[PDB]
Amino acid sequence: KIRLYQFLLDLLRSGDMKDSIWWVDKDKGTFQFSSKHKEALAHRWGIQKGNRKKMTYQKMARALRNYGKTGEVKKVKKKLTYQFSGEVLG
């Protein structure tokens, strides 16, 4: 199965949900969610995983915070903003 950090990174490279998520500094690998349209992207995440309950941003954010220990994705000091690691980017 696909991993969350790859689901997001795939969307940014595809632009398939430009209204829900966009780059902030492509070079630094920072990105940000749309306050109004993030739930739609969260919805698409739970479905792709076939989860029991419909996915919400809070549950997805909880999952993202776990990447803080392994380093794939760290939270940035800007609203709804995260950052990929150089390894994840290449």
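Numbering starts at 1 and follows the sequence shown.
- Looking at 44 to 52 and 60 to 68 together, the entry lists the larger mean B-factor for 44 to 52, computed on C-alpha atoms.
- Sort the modelled residues of the chain by CA B factor and residue 75 lands in the lowest third.
- Remark: residue 88 belongs to the highest third of its chain, ranked by C-alpha B-factor as recorded.
- In the deposited entry, the Cα temperature factor of residue 14 places it in the highest third of its chain's modelled residues.
- In this PDB entry, residue 4 carries a Cα temperature factor that places it within the middle third of its chain's modelled residues.
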